[PDB]
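We begin with a single chain expressed as C-alpha cells, specifically the form deposited in one PDB entry.
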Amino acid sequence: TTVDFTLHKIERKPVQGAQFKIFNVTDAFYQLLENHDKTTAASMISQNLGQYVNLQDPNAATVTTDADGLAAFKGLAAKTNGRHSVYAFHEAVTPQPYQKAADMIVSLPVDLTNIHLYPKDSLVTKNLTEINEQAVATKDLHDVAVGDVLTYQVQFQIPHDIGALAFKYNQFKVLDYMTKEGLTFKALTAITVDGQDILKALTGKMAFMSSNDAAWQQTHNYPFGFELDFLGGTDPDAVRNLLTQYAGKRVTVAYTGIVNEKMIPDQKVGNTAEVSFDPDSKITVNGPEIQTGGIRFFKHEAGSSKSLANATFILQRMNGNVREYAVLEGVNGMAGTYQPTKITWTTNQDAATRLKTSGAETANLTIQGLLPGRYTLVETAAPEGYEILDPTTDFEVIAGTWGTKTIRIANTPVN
C-alpha cells in the first residue's frame, strides 16, 4: 500500500535546482494495455507523456533536487483502483547550463519499497532558449504574446563512427515540427559544434526545407516545421568530412520562429524533434509547450442583456510605476474579435489602438495573443444613446486561457 521514490539527478557532477513532477498514470497505462503490449505502452507514455497528462498540473506533486542532486517522493500509493499503480516522472524546470532529463516511467510492484531512480538525459534534446533575443529559463511551459520571436535549440550527438565505409552513414536527418498552428518559421540562426558556427560551411551543401517552402506541404503534413539532411544535399562528401572531425561531439541547431495570429489560447502547443540516420531508426524528443492568453467582454445596456456595438476601448497595462497602452498590428478593419499579428506597448495613450465592440450576443469584444498578468480595459467612448458607467474595468488574463469568464461591462442609457 506504500512506496517511495528517490530521484538522483547527476550530470560525475550532482545537480541542485532541477524540479521534478510525479504523475499517476495507472489508468492511462491500463487503457493502452487493451490495444498494446506492456513494453509498447511503457514507451508510448515515456515518449509523449503530455499526450496522457497535463504536464503543468498543480496537484501533481513536485520536488526540487538538493545539494546532492537528490529528490525524494515519500509515501506513494501501491494500488490505484485495484491496479498496481504506475507512476511517470518529468523534469519541469532545469538550471543552467544543464539539459532536460528523459521522462521516465515505472510500473509496480517490482517487492521494493525504497525505489531509487536515476533520470538520465535524452539523446536528442530541445529547448526554448530566448524570446525576442532575451534569454529565458529552461522550463516545460512558456507563455507567449503574438508577434514574439522565439529562439529554439535542438541538440544531438554526432556518431563516433560517422566517417565509416562498411559509406556507412548516408543520411543524417533532423526533423522538427508542430502538429497545431501558432508559429511560422522565421530562420535557421546557427549550427554550432564545439562552440563554433559551422552554418556557413554547410549552407548550399545540406538539404534544408521548412514550412515556408512550396515543397513542404506536399511532402509533410505539418503547419510548422523544418527538415534538414546533412548527407542529403549537393555535397554530402564534404559535409561528412566536416562532421567526422567532430565525431562524438554534440551539434546544436538554433532556429527562430514567430508567434502568429493563428496561435489561440486554451491550447498548449508543443514541438517534436526527430533525428534519424536511416528510415529504420529514429531518436526523438518533444520540446517545451507554449500557450498564449486572451479575454472576452460583453458590453451591454445596464440591467438588460442588450449588446452595444461601437463602444470604444483601449487596453491598459502597468510596468511598475508606468501606465502602458496596447498597439495592435494586423487589425485594420476588425471589430469585436481582434486577432492581431503583434501587440506592442506605448506610454502615449493617443497612439494606442481603439478597440470597438461588435454587437454580438455572447461576447462582443475578444482579444487574443496576450501575456498573462493584470490589465485594465479603459472605455474611451460609449456608443450614442449611452453614457459610460465605470470608466475602467481591471481584469486578469489567466495563464493560457480565455479567462475564468467573459467580463460583463455595463453602459447607462441617457433617456
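Note that residue numbering begins at 1 and tracks the sequence as displayed.
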* Might you work out how many residues are unmodelled in the deposited sequence between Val110 and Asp111, and answer none, 1 to 3, 4 to 9, or 10 or more? => 4 to 9
* Asked: In this entry, is the chain continuous from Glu11 to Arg12, or are deposited residues missing in between (none, 1 to 3, 4 to 9, 10 or more)?
  -> 10 or more
* Do the C-alpha atoms of 238-246 or of 77-85 have the higher average B factor in the entry? -> 77-85
* To do: With reference to the PDB entry, specify whether the mean Cα temperature factor is higher for 94-102 or for 337-345.
  => 94-102
* **Criterion, highest CA B-factor; candidates, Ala145, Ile131, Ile158, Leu165** => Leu165
* Structure fact -> Among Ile258, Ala214, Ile191, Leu328, the highest C-alpha B-factor in the PDB entry belongs to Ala214
* To do: Classify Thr26 as lowest, middle or highest third according to the C-alpha B-factor given in the PDB entry, relative to its own chain.
  => middle
* Can you tell me which third, lowest, middle or highest, the CA B-factor of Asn35 falls into for its chain? -> highest
* Thinking about Cα B factors across the chain, which third does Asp278 belong to? -> highest
* Name the third of the chain's ranked CA B-factors that contains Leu70, choosing lowest, middle or highest. => highest
* CA B-factor ranking of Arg323, expressed as a third of its chain -> highest
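One more form of this protein, deposited in another entry, exists but is not displayed; see below.
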* Treating the chain as rigid parts that move against each other between this form and the one not shown, which of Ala67, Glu274, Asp121, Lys79 sits at a hinge? -> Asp121
* Asked: Would one find the Cα atoms of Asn48 and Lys139 closer or farther in the other form than in this form, where their distance changes by 3 Å or more?
  -> farther
* Asked: Did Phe277 and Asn48 drift closer or farther in the other form, going by a CA distance change of 3 angstroms or more?
  -> closer
